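By convention in this document, chain letters (A, B, ...) are assigned in the order of the sequence lines, proteins followed by strands, and residues within each chain are numbered from 1. These values consider heavy atoms only, across backbone and side chains, with no hydrogens, waters or symmetry-generated copies.
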There are 2 protein chains.
Amino acid sequence: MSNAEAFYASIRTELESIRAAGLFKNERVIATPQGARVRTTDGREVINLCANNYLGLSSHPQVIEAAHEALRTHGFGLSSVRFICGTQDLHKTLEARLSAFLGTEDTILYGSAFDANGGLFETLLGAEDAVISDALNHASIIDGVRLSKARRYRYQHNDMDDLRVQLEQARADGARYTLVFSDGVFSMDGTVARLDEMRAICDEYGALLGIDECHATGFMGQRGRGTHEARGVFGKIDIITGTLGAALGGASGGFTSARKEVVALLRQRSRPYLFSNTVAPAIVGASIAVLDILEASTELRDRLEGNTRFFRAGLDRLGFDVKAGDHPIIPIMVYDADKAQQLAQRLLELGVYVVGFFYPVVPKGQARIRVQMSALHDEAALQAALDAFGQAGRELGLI
Amino acid sequence: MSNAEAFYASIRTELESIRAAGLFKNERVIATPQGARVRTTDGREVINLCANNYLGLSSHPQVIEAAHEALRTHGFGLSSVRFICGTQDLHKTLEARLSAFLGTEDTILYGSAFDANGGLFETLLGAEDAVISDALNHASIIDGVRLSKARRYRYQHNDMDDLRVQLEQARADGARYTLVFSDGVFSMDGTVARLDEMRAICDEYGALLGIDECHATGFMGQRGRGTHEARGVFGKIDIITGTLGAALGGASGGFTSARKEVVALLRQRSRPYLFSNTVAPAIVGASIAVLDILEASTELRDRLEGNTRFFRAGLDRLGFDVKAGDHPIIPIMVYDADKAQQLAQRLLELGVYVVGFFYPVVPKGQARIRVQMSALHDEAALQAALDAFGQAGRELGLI
Ligand SMILES: CC[C@@H](O)[C@H](NCc1c(COP(=O)(O)O)cnc(C)c1O)C(=O)O
Ligand SMILES: CC[C@@H](O)[C@H](NCc1c(COP(=O)(O)O)cnc(C)c1O)C(=O)O
């Protein structure tokens with residue numbers, strides 16, 4: 001029995017036990033563009049309440065046509081990293097508009113938020129330095145930190161007192177520079193970081209504050225600029241990392257926006273920036289028009305707030321443990337992974353597209369459905385969906 | 001002086017330190033689509049010989065039109081990882097086409113080749129297993145290995161006897177499974193991994209064989225299938241990672257190709273596939289068009305081979321060191337960084353766009369210019385660049 005084939009057997013044995021534990025993820029094949037309603041290849045058309053299409057720009061006609069013109073004017077692929085021959089005027093234009101949009105002096109584009117985080121800490125920090133992370137920080141942040149030589153501390157989830165204990169200890173352990181880093185809005189539970197307390201606690205110790213803004217840019221704040229606008233620190237952030245693939249288009253790309261020494265050093269030394277393809281001209285192009293939309297009127301994010309409150313207060317009145325609020329991410333815990341596959345399946349049958357969240361996406365035994373609001377939803381969809389949740393929740397024992 | 005501001009000072013000190021060493025990289029701002037000739041925002045038209053656009057597909061109008069069609073039928077962005085609502089029929093289809101093209105059972109799409117490597121080793125390997133890398137492996141492989149728990153070995157560049165010395169130690173050290181991993185075609189020197197030998201070495205020790213094919217897929221091997229085709233080992237590769245951002249379109253996205261059960265574990269556990277956006281609809285649909293183009297005729301790859309055989313023989317007949325290979329990557333070693341900044345800039349005055357490679361992209365003391373050949377270059381541009389190389393080659397002491 002060969003060594004290579006025992007490996008493949010090991011892998012097959014692993015797959016089985018993932019299925020046994022109710023943890024195997026099955027892909028639905030959508031046959032349509034992204035939007036408020038969606039159709040799998042099988043033919044069924046369902047309400048989509050689990051996309052990152054927070055502002056509904058993934059298939060917004062003026063975003064689609066801006067990408068079209070980018071294809072005409074600036075081509076399909078650049079097949080280069082930025083410093084070689086992958087820099088077009090659009091990249092410089094969009095890095096500018098984001099810096100303006102976000103409150104920072106420059107911005108550096110990446111292929112994703114995942115790679116913006118991956119290349120952040122290693123380039124800026126060393127073994128003598130520290131990174132303090134909220135316990136539930138996103139996997140891409142944990143992997144950025146793992147790739148750096150910095151010392152690591154976690155503070156308990158959104159616990160501002162534990163943030164002080166770690167900052168105390170890191171000072172005590174002798175940290176040169178400290179960077180406090182956290183999801184702006186957290187992926188799996190929707191809660192909002194307390195950037196107002198943190199920027200103050202960071203100011204006592206001289207620490208830096210960085211935030212991952214994927215679940216905030218475009219629709220958090222009065223003018224949609226970020227979680228920092230929503231906590232009144234706009235322009236007081238050392239490091240923003242974020243995506244172009246959530247609210248701002250949903251195609252690809254990410255970014256780090258920081259002072260200008262940072263951005264300049266990231267361009268010089270950040271590994272994904274040096275070593276991975278530049279963003280495609282269509283994406284950069286359509287993102288520049290995305291910023292034209294959101295800077296011209298706050299309506300879409302306003303309709304998002306409305307859709308979110310209506311549906312959060314609705315799931316509340318049905319007995320779900322969902323607080324009233326304006327978090328477009330609405331977590332619905334079912335703990336059992338199998339009971340998550342069922343609830344998502346049953347809600348499919350009832351006309352609602354959600355997907356189970358289980359390990360390793362969330363901790364074993366803390367499985368959930370993550371509802372996700374859009375500006376796209378009209379009230380007969382939000383209503384027909386509330387119906388779907390009340391029934392399937394009743395059948396499965398959730399209310 | 002506060003700690004935060006102290007940190008910014010260290011950033012600018014190293015920003016100035018990097019300029020002082022002449023190691024600072026300045027972005028040239030292309031104003032046109034990627035092409036064999038390109039115009040900076042200054043209006044000057046120049047011959048591009050430093051892109052990964054080997055087959056000219058980056059602005060190929062049939063590729064461009066497939067992106068136009070994929071936007072109309074399938075939208076701009078999906079704003080979701082694959083397992084939630086980011087799997088369209090296109091991704092499944094493109095995944096079947098890459099597997100058949102490449103000789104493998106299945107294929108998993110990533111947002112870049114960077115992330116394909118980044119999510120590869122940590123998923124398939126454990127503390128008891130070994131990875132054995134060619135010492136010149138791409139930065140994305142190193143980081144993917146650093147993110148895994150496996151035991152690490154490096155062997156001298158293309159050194160088959162060093163490769164055996166490591167597999168001895170890996171086994172001596174008690175490795176369970178063992179993965180030999182190397183660039184198929186090395187980005188920085190154009191050399192071609194000795195895959196037929198490595199397959200034989202691996203069979204002996206019972207190790208898996210993996211290749212990163214970013215500089216091979218589409219044009220290496222008689223049918224452009226890649227380094228494994230070119231070395232008689234088509235169909236006998238355990239793991240292919242790669243990119244859609246070079247010869248297969250140049251826009252965005254990457255992949256890992258392997259057996260069904262390896263790919264299935266990557267879908268269930270690979271961190272960038274779980275936690276980062278799915279490839280955009282327009283990119284997937286254009287990639288499907290790229291495979292129709294390349295499966296229909298080995299022109300382009302035949303044309304590429306010609307253009308390089310001519311341009312190598314060009315610098316051949318001028319006292320340039322044609323160091324190693326038939327390959328479209330022509331490394332013109334100049335060792336000193338400042339000279340490569342000079343030679344790249346001087347050629348820009350002679351009408352040639354080409355860029356200096358120096359630390360940390362290439363080792364200190366081993367700076368260079370990477371000439372990269374495309375199918376697109378017409379004879380006018382070719383021998384016109386041969387002249388600009390001859391002039392500046394003598395003009396700056398290298399000829
Ligand atoms: C100067 C920067 C170079 O590293 C670059 N190559 C990028 C690259 C990647 C990342 O591919 P992605 O773009 O992330 O899909 C993965 N593997 C290999 C073997 C590569 O050569 C180039 O040839 O310009
Ligand atoms: C189930 C997978 C989720 O983690 C996923 N997160 C994507 C994500 C990334 C990667 O962003 P990119 O897509 O690579 O730009 C970076 N930071 C944060 C805070 C994120 O939430 C989501 O919420 O859909």
Pair listing, ring pair (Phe, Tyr, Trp, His ring centres under 6.0 Å) test, anchored in residues 70-104 of chain A, at least two apart: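 Matches after skipping sequence neighbours: A:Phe83-B:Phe357.
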
Residue pair B:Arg82, A:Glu27: steps toward the salt bridge (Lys or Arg N to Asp or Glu O under 4.0 Å) verdict: CA-CA 7 Å; B:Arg82 279 282 294 273; A:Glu27 272 163 25; 2.7 Å; yes

Shortest non-hydrogen contact from A:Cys85 toward A:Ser80: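 Closest heavy-atom pair between A:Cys85 and A:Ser80: N-OG, 2.8 Å.
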
[atom1] of [X] to [atom2] of [Y]: how many Å apart, nearest 0.5 Å?
X: A:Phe311; Y: A:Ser374; atom1: CZ; atom2: OG; value: 12.5 Å
X: A:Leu98; Y: A:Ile108; atom1: CG; atom2: CD1; value: 12.5 Å
X: A:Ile332; Y: A:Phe389; atom1: CD1; atom2: CZ; value: 4.5 Å
X: A:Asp316; Y: A:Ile330; atom1: CG; atom2: CD1; value: 11.5 Å

Is any side-chain N of the basic residue among [X] and [Y] closer than 4.0 Å to the acidic one's carboxylate O?
X: A:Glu95; Y: A:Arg267; result: yes
X: A:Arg303; Y: A:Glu379; result: no
X: B:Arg12; Y: A:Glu261; result: yes
X: B:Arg28; Y: B:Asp42; result: no
X: A:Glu105; Y: A:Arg259; result: no
X: A:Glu229; Y: A:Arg223; result: no
X: A:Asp238; Y: A:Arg199; result: yes
X: A:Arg312; Y: A:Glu305; result: no
X: A:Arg97; Y: A:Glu295; result: yes
X: A:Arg269; Y: A:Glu122; result: no

Side chains of A:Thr243 and B:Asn277, donor plus acceptor under 3.5 Å: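 Result is no, nothing qualifies.
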
Proximity of A:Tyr54 and A:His215 rings by center, below 6.0 Å: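 Yes, the ring centres sit under 6.0 Å apart.
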
Student check: side-chain heavy atoms of A:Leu386 and A:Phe310 closer than 4.5 Å: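 In contact.
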
A:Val263 side chain reached by A:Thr256 side chain, heavy atoms, under 4.5 Å: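 Contact flag for A:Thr256/A:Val263 side chains = no.
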
Candidate pair A:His138 and A:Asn117, rule side chain to side chain donor-acceptor pair (under 3.5 Å), full reasoning: CA-CA 9 Å; A:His138 189 257; A:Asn117 289 331; 4.9 Å; no

Should the heavy atoms of other residues, nucleotides or ligands under 6.0 Å from [atom1] of [X] be counted, would the total exceed 12?
X: A:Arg44; atom1: CZ; answer: yes
X: B:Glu65; atom1: CD; answer: yes
X: A:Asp321; atom1: CG; answer: no

Whether B:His68 and A:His68 hold their rings parallel, tilted or perpendicular, with breakpoints at 30° and 60°: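 Aromatic pair B:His68/A:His68 classed parallel.
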
Heavy-atom donor-acceptor pair, A:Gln88 side chain to B:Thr32 backbone, under 3.5 Å: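 Pair found, side chain donor or acceptor close to backbone of B:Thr32.
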
